[PDB]
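Structure first, then comments.
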Amino acid sequence: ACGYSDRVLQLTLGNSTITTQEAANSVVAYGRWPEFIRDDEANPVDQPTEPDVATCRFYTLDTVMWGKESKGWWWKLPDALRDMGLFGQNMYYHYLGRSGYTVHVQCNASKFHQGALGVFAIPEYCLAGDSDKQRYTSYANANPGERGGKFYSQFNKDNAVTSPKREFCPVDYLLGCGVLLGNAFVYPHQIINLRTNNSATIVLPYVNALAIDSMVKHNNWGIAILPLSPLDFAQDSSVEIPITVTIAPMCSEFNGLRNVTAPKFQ
Amino acid sequence: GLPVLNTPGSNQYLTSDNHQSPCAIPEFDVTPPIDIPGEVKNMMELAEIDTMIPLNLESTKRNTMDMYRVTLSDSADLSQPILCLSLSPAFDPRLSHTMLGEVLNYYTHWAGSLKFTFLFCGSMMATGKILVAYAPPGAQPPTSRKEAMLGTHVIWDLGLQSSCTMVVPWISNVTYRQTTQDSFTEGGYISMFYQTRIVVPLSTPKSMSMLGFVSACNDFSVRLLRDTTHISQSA
Amino acid sequence: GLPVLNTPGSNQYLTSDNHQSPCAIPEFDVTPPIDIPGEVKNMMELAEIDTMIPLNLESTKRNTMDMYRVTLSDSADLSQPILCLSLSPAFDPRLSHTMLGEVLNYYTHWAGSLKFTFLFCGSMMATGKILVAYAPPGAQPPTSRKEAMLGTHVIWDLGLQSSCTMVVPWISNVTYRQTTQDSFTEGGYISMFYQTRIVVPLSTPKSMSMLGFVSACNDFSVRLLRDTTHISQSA
Amino acid sequence: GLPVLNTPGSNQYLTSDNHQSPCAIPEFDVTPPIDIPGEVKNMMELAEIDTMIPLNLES
Amino acid sequence: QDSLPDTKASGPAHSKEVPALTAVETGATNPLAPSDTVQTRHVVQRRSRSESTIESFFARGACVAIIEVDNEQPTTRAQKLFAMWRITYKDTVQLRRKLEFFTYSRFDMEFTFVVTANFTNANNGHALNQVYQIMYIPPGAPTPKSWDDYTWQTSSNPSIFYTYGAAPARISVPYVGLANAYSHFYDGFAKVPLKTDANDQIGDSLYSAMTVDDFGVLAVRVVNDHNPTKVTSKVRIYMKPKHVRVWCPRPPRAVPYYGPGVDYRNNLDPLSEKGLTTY
Amino acid sequence: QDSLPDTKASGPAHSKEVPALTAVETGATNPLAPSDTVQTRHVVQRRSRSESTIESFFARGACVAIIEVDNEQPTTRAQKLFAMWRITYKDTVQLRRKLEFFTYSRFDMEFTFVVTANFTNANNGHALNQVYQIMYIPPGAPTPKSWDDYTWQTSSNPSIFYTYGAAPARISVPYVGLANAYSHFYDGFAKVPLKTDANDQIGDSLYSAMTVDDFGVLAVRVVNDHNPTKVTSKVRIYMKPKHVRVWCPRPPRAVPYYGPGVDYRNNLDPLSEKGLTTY
Amino acid sequence: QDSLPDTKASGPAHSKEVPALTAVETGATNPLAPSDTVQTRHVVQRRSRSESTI
Amino acid sequence: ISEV
Amino acid sequence: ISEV
Amino acid sequence: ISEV
Amino acid sequence: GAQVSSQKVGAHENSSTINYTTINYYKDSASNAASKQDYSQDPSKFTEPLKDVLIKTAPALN
Amino acid sequence: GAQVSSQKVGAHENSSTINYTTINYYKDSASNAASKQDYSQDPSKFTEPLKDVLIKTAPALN
Amino acid sequence: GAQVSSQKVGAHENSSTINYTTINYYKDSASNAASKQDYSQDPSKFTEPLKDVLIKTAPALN
Ligand SMILES: CCOC(=O)c1ccc(OCCCC2CCN(c3ccc(C)nn3)CC2)cc1
Ligand SMILES: CCOC(=O)c1ccc(OCCCC2CCN(c3ccc(C)nn3)CC2)cc1
Ligand SMILES: *C(=O)CCCCCCCCCCCCC
Ligand SMILES: *C(=O)CCCCCCCCCCCCC
Ligand SMILES: *C(=O)CCCCCCCCCCCCC
């Protein structure tokens, strides 16, 4: 009653609040809300750290621009948040950490623009690489942080054998991993179709073959945003609109405290 | 010594069988399960999920992102079909590689109702009415809206609800159809036409994409497990 | 390990056996039955259906439609037999290929009562009386009505009821006769004679056909399943 | 003769298996146990005993 | 109890009831018994129709196919290192004729495999025991191009691995038809020619045929690598219908079969010559 | 009972309820049935999804490895008197593709061993029946350097002794994973490179790989001493997952596998050409 | 049932009880558990010593 | 058991 | 025994 | 029988 | 699950009702043997498919 | 320890509920055959993972 | 003489307590298989063979 709607939402976590007046409901991956490790599913015996509001708030990543040649963007979690305030600090001070996430993707335009973004949350998003060499993508390259990576329209094999790039070569219609993109819809997702909605909101549970794991060694979720239908406006052949990704860690807990992990990203 | 008599079948090995056998690592302490999210109980659950159709397999469009995109425009030839496709969910090149098509290529026989959902990806200022149809087998595959009108159909009106769903009802002579191509167990024809036309105002794109989706209605089932042609390996 | 001892017969294969074996397509979803009209529970049901006898296997008549036609006429030689046949239901060339004869050629032994029915296919203005007979084995096969009269017989009077039935009662020494020819298990003789004669008026055909039929009475049974000589194939 | 069908695995020998077999010295009069001190029920009992570490493996 | 009806004692008659006369034009067979036309004694009948029941009539394993497969050194010309058979009861005549007394049937099928082998040539040393793989390829599945290519991996197809000298292999198959019954006869086509068709080949079909592959194939091979000397083997396939039901009886085949349809060609003269008045 | 829902009789509509329209942007699939958009009759449904259950889909033994081992006179150069295989479902493509419709799995595993042999050379006398030893070496255990060295004593490792010609050997293995489920996909590394590392080789790892030896190896040998003539044998390994559970579905592999990871190399063009308005 | 003992939740300490110190000269092994020297959470243990039985 |  |  |  | 039925005993030894035992080993009914205890039916649907069925001692045509 | 269950009988002989018997011979459950009596579930967690699940006849967007 | 016991079921099928049956065929116990249901004991006789056993939070020496 009163005047409420599927399209209008407020998300509040910690000292952060998001409003949206043009949503398309919201997704909870596999019907499961984030939760803490139960005593009967626990494995590390040391008392956990639960930083709560200090880490379970919305961190906004650097904005990316969507233009007519944009092939697609990808992120990995927890990697995109490694440098985000006290969350990143907790991640690097402990051997173990689990966390769920609320992902909120933002992209508005006008009643006259056109285009549709496919936003997909993928458990264990193993991407493909550069080379003749199998499973050779270097740690530093596999992990772009906040920056994320991109998709390509075709497979360019990094030829230079002698001094290898050890990079991914994610081809768009193959979801960067040897399968057809049209089937990516079996994964938890939403579509930002500019005539319908400004944004997508997906709530991710912790998914893993384990109750808790090493966040520095392993990404649990991959976020893939691909243009299912290209951006278009009026007759202007060089339109560009911003895509902004805001993410919040949820029910975060950490085990195995010691000196801080300082990975080498060069 | 219990007197026994060995029957035929003795000492054979059937790949398809179900028997007990000795455990090679006795008394092993098994890691318990934890409640992982996303559990699947039946391959038909996957076929019920909407996945995007490669509707556009023309020379330069196929094996590209444009294979997923059907172009609608305000200046299209209204007498012509927007798209034409056969109801062969595991065999037709547009359907065979969808999640539904892929599960069906591991089985020999399919039965049940299917549903196609179409998404308008044009601007909000764009309008239009589209007729989408299904012709059960036995006659000339529809070439005009006049002909298509006469079979099972839906008239989709574009508006705030972005998408439309046409259910293809299970209408068959046989109780189970085949997953391969075969005139005897054929499914019929799907076609789309403009009912009125795409209309836009000025300062608006005159052309836009339509994305298509397919999934199984809850009466759908499959049988006779078999190997797929969708994968292989070299010597 | 249960101590067992393998007996003779072990690892053999008997064509005639009845054993369980692994199912090669486990958990298959079987198409249910529907109530189809015309279900058969026993091959003897077919032998109880009247089928037409090839009574006329003469040189130019056999393997032709005339093999089914016996000519009766008002000018026939009344002392002579209309037809003469042996009671060997699976072996006699006139009986062996009837539906009864055919089911019996898949078995070695037969027992029970048979019945022959004759149909007058002449004009309504035609009349006559016919004696049809059965002689149990052991004596001279009847050559005259005088002789035939003395055995089991029926005097058929032609009229509005077009047909007549003679039952050949089970009269045998053995409990089961053989389906092949054999003097020891022989069935006897069937013969037909004019009792008066065919009489027609003027402007009427003086000649006409009689069709014959055979089927098993409800006491008929068979045993020892075997292969038929009525079919074969080349190298 | 009970109709039987031999399954795969038949006539194999698995080192890891657990089956009955004929006794080669039937009716043997077995020497009874006596209560010997120091009985062990599980190899993990031994791992719970403190033993001295070779902490210094220099040349 | 299953014995046939007893014969009743029946005496003389002088009456208006005439069982002996009838009219076959009606389409009916006259229900007569010996006591309707002759004097009968009372017989307590003990005979029964136990062996002519549908199940009993078919309760026998019949030879429907002989598959030949060789095991020899892979040369570069057409060989038989593997073979394929379309599953049918029609390459043979005996079971086909029995099954065809009926229009429709419904049953489970029992397959028994007899495997025999021999040495082809006078002498090149000998052969260690062979294991044979019999793989079922249902319509749609990749068929083998080679005796040891990837299709023989058989991950989802059912396969039997048979060892030479072991008891004949045996498996069971459910009722697998697309209809509610198997059609022993199909008066129709899989395609209709339409007036609007481009060539008139589009709408052409074989008369009486339903699906192109019916029930798929059995692919047979020797899993052993080749010996220096050649071994030739034959896999004989015995078919037995069990838990059988049949509908709409038909007259038995009277002339030699000429292919899968009802077509006839020659020996159209089944019946012997016999004199009309000759016993 | 397991039959699918019945079709309800459904008649004409003129209403404000519009099942036919929807918004897929939501992330949801529209729950429609034929009766929502067409007039339907009542059908009492009897069909069921019995054969597409997770267990039924995987309930088939698939070929995952072909191990070749020779039995011949021990000469002084590299021979195959024994062989070792790393246990995996990835040297083959068929079962791998089926297992990979899912991210995580949990199951017991059934291993069936088909052993075939032949004579290599035209002639040097013959061979008495061979017994094969298949030993499991879990990570950590001493591996064999020689076909008859001390490791084959197998005091704590499980071994199968198989006799040629006997029924194919079969054993069962429990769920043996270090985690609560087997990961069919692992988006990570076994080592992180740290800023303080000496060489930057220390922290290097294969992408997607977890432990180095995963589940160990199968060591295969002929226990027989060599005949004067040479015998070559192949041990074919069939894998069947049983008592199976699977989590988080994934799109099937659409292009040929290129190694153990998700990497692709060529034949990246899965789809056929077909006209937009062509049936 | 054969599973190993559960880990008890254990919190901070400031006391005269010193489990951490001992004297191995006695011939005895110190019976300590993680909760005696660190803060522990409650873990419901399911692991067992089934395969290391004699 | 089930004795008919 | 245990009859389900 | 003896069910433990 | 042992099913016990009676044999129709033909030749009897010089020694009443004799039985045989059956147990299905497999889950799929197709795997099963043939029971061979089969029910018989009327020939009527083939021997007399008449709309007005008439008694044999009366005129077939009237 | 004999476990008795019912067969889902597809093609029926001309002869009701038919059973099959099972006995586990080994101590380790991994040694056991597959029961194949499996429970099915809702597609919902994949087909409708919405926070506010809506009824099909109402507007998906409102 | 059939002995029925429970399996400690590790990986469970999508279908509770599962059993296995055992029967000794031979008179000599040496012929028998291993039951593998084994009882565990205290490490105390090895880890604490002290005459005066002391509680861990008190001084070992006093
Ligand atoms: C007109 C042709 O013949 C028939 O109509 C007819 C003939 C046979 C028939 O039986 C079923 C045929 C399909 C079966 C054939 C044998 N099958 C298998 C399956 C696995 C293995 C290893 N071996 N055989 C599985 C499917 C059903 C109908
Ligand atoms: C990614 C690679 O493959 C897998 O993840 C995968 C593949 C196989 C698998 O099964 C379990 C593997 C370990 C088993 C392998 C076979 N084992 C044995 C043990 C004894 C004998 C004689 N034979 N085999 C014991 C341990 C478990 C997981
Ligand atoms: C019903 O069958 C309960 C009684 C069982 C008696 C013993 C059965 C002996 C055979 C075991 C059959 C196992 C078949 C898979
Ligand atoms: C429960 O199973 C009690 C009834 C036992 C019936 C006889 C079992 C016959 C098979 C013996 C199995 C021994 C397996 C190690
Ligand atoms: C206790 O065991 C009484 C029940 C017996 C059930 C049938 C046993 C089947 C196996 C016979 C074993 C004979 C061993 C020498």
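Naming works like this for the structure tokens: A, B, ... for the chains as they're shown, residue 1 at the start of each chain, ligands 1 onward in shown order.
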
**Request:** Please determine the contact residues of chain F with respect to chain M at a cut-off of 7 Å, counting only C-alpha atoms, and supply them as a VMD selection string.
**Result:** chain F and resid 106 to 108 175 243 to 245

Save out the residues we just selected, C-alpha atoms, as a PDB file, in the first residue's frame.
ATOM      1  CA  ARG F 106      30.773 -34.475  -4.298  1.00  0.00           C
ATOM      2  CA  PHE F 107      30.802 -38.231  -4.985  1.00  0.00           C
ATOM      3  CA  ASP F 108      32.149 -41.721  -4.494  1.00  0.00           C
ATOM      4  CA  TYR F 175      34.876 -39.015  -1.422  1.00  0.00           C
ATOM      5  CA  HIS F 243      26.164 -41.208  -4.917  1.00  0.00           C
ATOM      6  CA  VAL F 244      26.667 -37.834  -6.645  1.00  0.00           C
ATOM      7  CA  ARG F 245      25.807 -34.264  -5.602  1.00  0.00           C
TER       8      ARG F 245
END

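Each residue with an atom within 6 Å of any atom of ligand 3 appears in the list, which was built counting only C-alpha atoms and all ligand atoms: residues 1 of chain H; 1, 2, 23 and 25 of chain K; 2, 4, 21, 22 and 23 of chain L.
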
Could you dump the residues just selected with N, CA and C atoms as a JSON list (two decimals), in the first residue's frame?
[["chain", "number", "residue", "atom", "x", "y", "z"],
["H", 1, "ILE", "N", 8.34, -61.68, 2.62],
["H", 1, "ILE", "CA", 8.00, -62.51, 1.45],
["H", 1, "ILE", "C", 6.58, -62.31, 0.91],
["K", 1, "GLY", "N", 11.62, -59.93, 0.08],
["K", 1, "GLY", "CA", 11.03, -59.79, -1.26],
["K", 1, "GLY", "C", 10.83, -61.07, -2.07],
["K", 2, "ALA", "N", 11.15, -62.22, -1.49],
["K", 2, "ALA", "CA", 10.94, -63.54, -2.08],
["K", 2, "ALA", "C", 9.48, -63.87, -2.37],
["K", 23, "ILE", "N", 13.08, -64.15, -6.76],
["K", 23, "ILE", "CA", 13.52, -62.86, -6.24],
["K", 23, "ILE", "C", 14.07, -61.96, -7.36],
["K", 25, "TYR", "N", 16.37, -59.16, -8.59],
["K", 25, "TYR", "CA", 17.64, -58.59, -8.18],
["K", 25, "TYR", "C", 17.88, -57.16, -8.63],
["L", 2, "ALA", "N", 18.11, -57.14, 4.45],
["L", 2, "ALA", "CA", 17.46, -57.06, 3.15],
["L", 2, "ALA", "C", 16.45, -55.92, 3.03],
["L", 4, "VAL", "N", 13.64, -54.09, 0.77],
["L", 4, "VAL", "CA", 12.69, -54.37, -0.31],
["L", 4, "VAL", "C", 11.93, -53.14, -0.79],
["L", 21, "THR", "N", 14.81, -56.79, -4.42],
["L", 21, "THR", "CA", 15.51, -56.86, -3.16],
["L", 21, "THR", "C", 16.94, -56.39, -3.22],
["L", 22, "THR", "N", 17.40, -55.73, -2.17],
["L", 22, "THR", "CA", 18.77, -55.25, -2.07],
["L", 22, "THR", "C", 19.43, -55.58, -0.75],
["L", 23, "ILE", "N", 20.68, -56.02, -0.78],
["L", 23, "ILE", "CA", 21.49, -56.24, 0.42],
["L", 23, "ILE", "C", 22.91, -55.69, 0.23]]

Between chain B and ligand 5, at 12 Å or less, what are the per-residue closest atom pairs and their distances in Å? Count only C-alpha atoms and all ligand atoms, order by chain and rising residue number, and return it as a tab-separated table.
residue	atom	partner	partner_atom_place_in_ligand_line	distance
B:1	CA	ligand 5	15 (C)	7.2
B:2	CA	ligand 5	13 (C)	7.5
B:3	CA	ligand 5	11 (C)	11.1

Which residues are near residue 48 (chain D)? Cut-off 8 Å, only C-alpha atoms, ignore same chain within fewer than 2 positions. Put them as an mmCIF file with N, CA and C atoms, in the first residue's frame.
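Listed below is the output, out01.cif:
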data_model
loop_
_atom_site.group_PDB
_atom_site.id
_atom_site.type_symbol
_atom_site.label_atom_id
_atom_site.label_comp_id
_atom_site.auth_asym_id
_atom_site.auth_seq_id
_atom_site.Cartn_x
_atom_site.Cartn_y
_atom_site.Cartn_z
ATOM 1 N N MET D 44 47.336 -42.774 16.520
ATOM 2 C CA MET D 44 47.321 -41.416 17.032
ATOM 3 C C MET D 44 47.712 -41.292 18.510
ATOM 4 N N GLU D 45 47.502 -42.309 19.348
ATOM 5 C CA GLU D 45 48.051 -42.318 20.707
ATOM 6 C C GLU D 45 49.557 -42.076 20.759
ATOM 7 N N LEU D 46 50.290 -42.621 19.779
ATOM 8 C CA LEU D 46 51.738 -42.434 19.726
ATOM 9 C C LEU D 46 52.119 -41.003 19.343
ATOM 10 N N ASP D 50 54.897 -36.651 23.638
ATOM 11 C CA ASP D 50 56.043 -35.783 23.390
ATOM 12 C C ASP D 50 57.325 -36.520 23.009
ATOM 13 N N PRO M 43 45.300 -42.013 25.906
ATOM 14 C CA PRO M 43 46.744 -41.955 25.843
ATOM 15 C C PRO M 43 47.475 -41.919 27.178
ATOM 16 N N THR M 47 51.206 -40.872 27.873
ATOM 17 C CA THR M 47 51.349 -39.409 28.010
ATOM 18 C C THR M 47 51.428 -38.875 29.423
#

**Request:** Using only C-alpha atoms, find the residues of chain F whose closest atom to chain C is at most 8 Å away, then write them as a list in words.
**Result:**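 Here they are: residues 46, 47, 48, 49, 50, 51 and 56 of chain F.
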
**Complete:** The distance between CA of residue 121 (chain C) and CA of residue 210 (chain C) is 5.6 Å

**Request:** Set the cut-off to 7 Å, count only C-alpha atoms and all ligand atoms, and list whatever residues fall near ligand 1 as number ranges by chain.
**Result:** B: 14; C: 24-25; E: 87-90, 109, 111, 134-136, 158-160, 171, 173, 176, 182-184, 215-216, 218

**Message:** For a quick check of understanding, using only C-alpha atoms and all ligand atoms, which of B:23, B:181, B:16, B:46 has the smallest distance to ligand 2?
**Reply:**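 The answer is B:23, which sits nearest to ligand 2.
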
**Request:** Within 6 Å of residue 221 (chain F), counting only C-alpha atoms, which residues show up once you throw out same-chain ones fewer than 5 positions away? Write them as a ChimeraX atom specification, please.
**Result:** /F:82,132-133

Would you mind listing what lies within 6 Å of region 105-111 of chain B as a PDB file with N, CA and C atoms, in the first residue's frame, with only C-alpha atoms counted and same-chain residues fewer than 4 positions away left out?
ATOM      1  N   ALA B  90      17.058 -29.372 -30.100  1.00  0.00           N
ATOM      2  CA  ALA B  90      18.449 -29.867 -30.043  1.00  0.00           C
ATOM      3  C   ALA B  90      19.240 -29.833 -31.348  1.00  0.00           C
ATOM      4  N   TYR B 176       6.828 -38.849 -27.459  1.00  0.00           N
ATOM      5  CA  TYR B 176       8.166 -38.277 -27.361  1.00  0.00           C
ATOM      6  C   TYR B 176       8.738 -38.001 -28.749  1.00  0.00           C
ATOM      7  N   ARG B 177       9.184 -36.781 -29.009  1.00  0.00           N
ATOM      8  CA  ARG B 177       9.868 -36.466 -30.261  1.00  0.00           C
ATOM      9  C   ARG B 177      11.352 -36.815 -30.207  1.00  0.00           C
ATOM     10  N   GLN B 178      12.044 -36.861 -31.337  1.00  0.00           N
ATOM     11  CA  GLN B 178      13.474 -37.092 -31.339  1.00  0.00           C
ATOM     12  C   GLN B 178      14.327 -35.843 -31.172  1.00  0.00           C
ATOM     13  N   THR B 179      15.537 -35.934 -30.618  1.00  0.00           N
ATOM     14  CA  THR B 179      16.400 -34.752 -30.533  1.00  0.00           C
ATOM     15  C   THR B 179      17.101 -34.452 -31.844  1.00  0.00           C
ATOM     16  N   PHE B 220       8.180 -30.310 -19.436  1.00  0.00           N
ATOM     17  CA  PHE B 220       9.227 -30.820 -20.301  1.00  0.00           C
ATOM     18  C   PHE B 220      10.080 -31.935 -19.701  1.00  0.00           C
ATOM     19  N   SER B 221      10.282 -33.000 -20.461  1.00  0.00           N
ATOM     20  CA  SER B 221      11.134 -34.092 -20.018  1.00  0.00           C
ATOM     21  C   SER B 221      11.947 -34.701 -21.157  1.00  0.00           C
ATOM     22  N   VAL B 222      12.956 -35.481 -20.779  1.00  0.00           N
ATOM     23  CA  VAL B 222      13.828 -36.124 -21.742  1.00  0.00           C
ATOM     24  C   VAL B 222      14.165 -37.567 -21.398  1.00  0.00           C
ATOM     25  N   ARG B 223      14.544 -38.360 -22.395  1.00  0.00           N
ATOM     26  CA  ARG B 223      14.967 -39.728 -22.127  1.00  0.00           C
ATOM     27  C   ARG B 223      15.941 -40.327 -23.142  1.00  0.00           C
ATOM     28  N   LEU B 224      16.521 -41.463 -22.734  1.00  0.00           N
ATOM     29  CA  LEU B 224      17.585 -42.207 -23.406  1.00  0.00           C
ATOM     30  C   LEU B 224      18.878 -41.415 -23.449  1.00  0.00           C
ATOM     31  N   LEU B 225      19.630 -41.549 -22.356  1.00  0.00           N
ATOM     32  CA  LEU B 225      20.933 -40.890 -22.221  1.00  0.00           C
ATOM     33  C   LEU B 225      21.852 -41.313 -23.374  1.00  0.00           C
ATOM     34  N   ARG B 226      22.487 -40.340 -23.986  1.00  0.00           N
ATOM     35  CA  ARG B 226      23.387 -40.590 -25.075  1.00  0.00           C
ATOM     36  C   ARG B 226      24.547 -39.595 -25.158  1.00  0.00           C
ATOM     37  N   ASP B 227      25.559 -39.930 -25.944  1.00  0.00           N
ATOM     38  CA  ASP B 227      26.640 -39.001 -26.131  1.00  0.00           C
ATOM     39  C   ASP B 227      26.334 -37.887 -27.113  1.00  0.00           C
ATOM     40  N   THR B 228      26.836 -36.713 -26.768  1.00  0.00           N
ATOM     41  CA  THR B 228      26.674 -35.516 -27.571  1.00  0.00           C
ATOM     42  C   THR B 228      27.641 -35.374 -28.751  1.00  0.00           C
TER      43      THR B 228
END

**Message:** Taking 2 positions as the minimum chain separation for residues in the same chain, which residues sit within 12 Å of residue 25 (chain D) when counting only C-alpha atoms? Answer as a PyMOL selection string.
**Reply:** (chain D and resi 22-23+27-30) or (chain M and resi 27-31)

**Request:** Write down, as a ChimeraX atom specification, each residue of chain B that has any atom within 9 Å of an atom of chain A, counting only C-alpha atoms.
**Result:** /B:32-39,46,49-54,63-66,68-69,97-99,120-126,160-162,202-206,208-211,213

**Request:** Write out as a ChimeraX atom specification which residues come within 12 Å of residue 3 (chain D) when counting only C-alpha atoms, dropping same-chain ones fewer than 5 positions away.
**Result:** /B:2-10 /C:4-12,17-21 /K:21-23,25

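Of note, CA of residue 96 (chain E) and CA of residue 57 (chain E) are spaced 13.1 Å apart.
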
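Scanning region 12-176 of chain E with DSSP on the backbone, the helix (DSSP H, G or I) assignments fall on residues 24, 25, 26, 34, 35, 36, 50, 51, 52, 54, 55, 56, 57, 58, 94, 95, 96, 97, 98, 99, 150, 151, 152 and 153 of chain E.
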